Structure formats: C-alpha cells, structure tokens
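Form deposited in one PDB entry, single chain, as structure tokens, below.
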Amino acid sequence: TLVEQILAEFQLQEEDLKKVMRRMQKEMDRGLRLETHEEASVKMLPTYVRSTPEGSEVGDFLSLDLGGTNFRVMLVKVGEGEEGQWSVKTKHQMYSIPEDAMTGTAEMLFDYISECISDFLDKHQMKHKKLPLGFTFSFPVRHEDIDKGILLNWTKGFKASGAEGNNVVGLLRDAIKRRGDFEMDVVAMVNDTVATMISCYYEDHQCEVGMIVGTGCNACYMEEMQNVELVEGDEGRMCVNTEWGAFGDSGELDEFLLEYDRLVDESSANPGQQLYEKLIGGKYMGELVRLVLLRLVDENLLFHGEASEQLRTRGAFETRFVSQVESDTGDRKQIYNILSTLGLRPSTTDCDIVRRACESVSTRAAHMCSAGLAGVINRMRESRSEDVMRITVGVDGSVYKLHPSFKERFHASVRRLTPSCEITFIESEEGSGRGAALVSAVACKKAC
C-alpha cells in the first residue's frame, strides 16, 4: 500500500471525537450568551417555537419547502388526536428551480415560487381559498418572531442576490401580493430541523432534537428559556436552531481539516463558511471522494495514472454514487457500472480501492456528525436530573436515511460519546410539510 496511508488520514480517534464534541458544546454556549452571540460561529438562533403548545387550529394547511434542490408545495390537514394534533400530507408537488431564477434577484426567485404556488392551486380546484401557510425555509435566519426574520446568508450553493439581510417572509408576501392571483396568510416560518423535530411530537413527546443529514447538515433542540439570552424570559423551553454547519468557521476544526477539505472549500459558493457541514453533507461528499480518487490517480495508484475527462470535472462524482458504491455486494458490478459511466474502465483492484475511498469519507462524516449530536445531547444532560436522560432525536436527510451504513456507524458513535443517555432515533415521516403546518396551526391560535 501507499493507499492505506492516504486513506488513513480520514480516521479519527476517540479523543479526536471528544475534542470536537467539547469544542462544539463550547461554541453552543457562546452562541447563546449575549456577550458572544454576535461573533459566534455556531449562532444558536432562537426560533420562537415554544414548549407546552396548548391547543391549535385544525383543518387544511399549506406548506412550502424551499432549500432542498427542488421546491415543494403541499396541503396538510391537521386534526385532533388524543396526544396532541395529528396531521397528514394530502397533496404535494415538486418544482425544479431554473438557474436563471437561482442566479436571479431575490424578488425574482420569490416570483418563481409565487408562480409555482398558483400553478399548484389551479391544478387543485384551489385558487379561491386563503389558506394558512407554514413555510419550511432551510437557511440560517435571525427571527424577531415566528413569522418574521432575516436571511443571515445563503448556504448549500444558493445565491439569489439581495436576499441576505431581508425579511424572508416579507419577500414571500411581496410576491403573493405582487401577482394578485391568490390570497395566503403566511402564519409561520421554520428551519427543516425544527419542522422535523415537531412532526415527531405526536408519536413521541420526548422528541426534543431534530437533525437533518442531507444536502446539508444541522440540528436544533429544545433549550431552557433562561439560557436563551436573546429572548427575554426565563420560563419554559424554546427550540433553538444551532446552525452547527458553520462550526469550524472560527478555526475550531483546523487541526482535523484535510487538503481535500481545503479544496472543496476554496471552490465552493461560500468559501470559508459552513466548514463542519462541508465534512458531512451530501452536497460535498461525492466531491470529497472525487478529490481523493484524483490524488490516487496522480499517485498512480488507481486507473494507473489516468482519469477520464468527466472524473476531472467538478461535480461529477455525485453523492448518490458514494452510496451505491458502498452497496455493492462484492461482485463489483455496480462499482463497475458507475466507474464505466464516468468514462473509466476499472480493474478489480480499482473497484476495491474506490470502495475503500467512499468508506473513508462517509465514515468520517458519520463520526464528525456524531460528535455534534453528542455535544447537543450532553448539553441537555447538564440541564437535567433523572439519572438516565431518555431522549428522542427526529432525523431526516438522504445521507442519514439512504446511505447503506451511515446511520449505524453514526448511532454506535453517538452512543460511545453519551454515557447515561438512552437515545431513540425516529426517521421523520413527512417532517417538513407536516412540521411547518403543525406550527402554523399553533401560530394560528395566536391570530385568526
């Protein structure tokens, strides 16, 4: 081997994870306190989602989801169950998002979103209801309230101009009104993490953390209002959006970061930001693999020294390929077919090396991510008193959900890092739609 030494750079000892855990908890602490909130890399954003909901509206709700690659519009119906509110998606539709909108101005993009909304309401006999609308908007936002806050900055390659710094919900509003076609009561805006968390509440009241491991990666959790300094008040709990994707932007990860991570960064829409998410999320995983594969070929270890034109283009090793290669059964048959598609003609040993390379990146993501989560869960242990903390974490995201063994490595490692917690993991059913709408419903009791 010169291979195993190159791949071994990805490993993390147990003390590595603990270091990142402890540093993350610190950054969480700093994000929450008035003296350090402004400059904290982990912003710890109040969301105005609050504990003891205590009764809500019912009937139909409309939810949008922007921040996945697609954009989704759905109808969710909310009624009364014993536990709290049931809910269920009843109509749905995805809309691609043209790059002439994406490079656009903000108000352009929310016009495109407005067009999609009318389209959906035609096709459904619906233009003539003014519906309450919960909006899952998966980007960092500083809220003033449950229905108002500014975009701090775009992440995950999004770039529409003139949105950073404005009232995202006002954008939505000035597009709906800017096209007469329909009436919509925008009652609530939430992060994906919060929506996921909230949708697990009906079947499990201990769900107090939501986590997304998808294109991007983040979590949110329920904090003690006393510890949330940026919202006056000391009673109860408010869900906080940690935005942990940005941990490492004040150099907290420098010692772990690798030449490949240094290159995914430089070449990205958002250089110097979202460093932690860059090690874990699906927008970056394939690309890390691609760069590891390129270093192996330049070392002559792989495809003996030569790479197709595709292999050399940014973006070509799709994250979904990372997870198909790790599903190969041992016959190389689907490793072969992916490599053959990118214009390579690999040998037996090429296929194995390529698989080793995917394992190395995905195992590191799983481990890095387990340290953030045990950071959050051990912080919650601190504030609390039963001898064993039992807690449920709601999760969503194609990496966590669909990658062949990421979830189990990730569960094994969160559990090493969390003695005397007992953790249940729930994969959210339609977390984002039902979530927005579950919150929307409680927000409505405070307005209509």
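From 1 onward, residues are counted along the sequence shown. Heads up, when I say rigid core I mean the largest set of C-alphas that superpose within 1.5 Å between the two forms.
Below, we refer to the form deposited in another entry, which is not included among the displayed structures.
Peer 1: Core-aligned, between this form and the one not shown, one residue among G315, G251, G272, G180 moves its CA by 2 Å or more. Tell me which.
Peer 2: The one that shifts is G180.
Peer 1: With a threshold of 2 Å on the C-alpha, tell me if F110 counts as moved between this form and the one not shown once the core is superposed.
Peer 2: For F110, whose C-alpha is compared between this form and the one not shown after core superposition, the shift is 2 Å or more.
Peer 1: Align on the rigid core first; then say whether the Cα of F135 has moved by at least 2 Å between this form and the one not shown.
Peer 2: The answer is yes; the displacement is at least 2 Å.
Peer 1: Could you tell me whether the Cα atom of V395 shifts by at least 2 Å between this form and the one not shown after core superposition?
Peer 2: It does not, since the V395 C-alpha is displaced less than 2 Å between this form and the one not shown after the core fit.
Peer 1: Relative to what we see here, could you say if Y48 and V58 have their Cα atoms closer or farther apart in the other form, with a change of 3 Å or more?
Peer 2: Their C-alpha distance shrinks by at least 3 Å in the other form.
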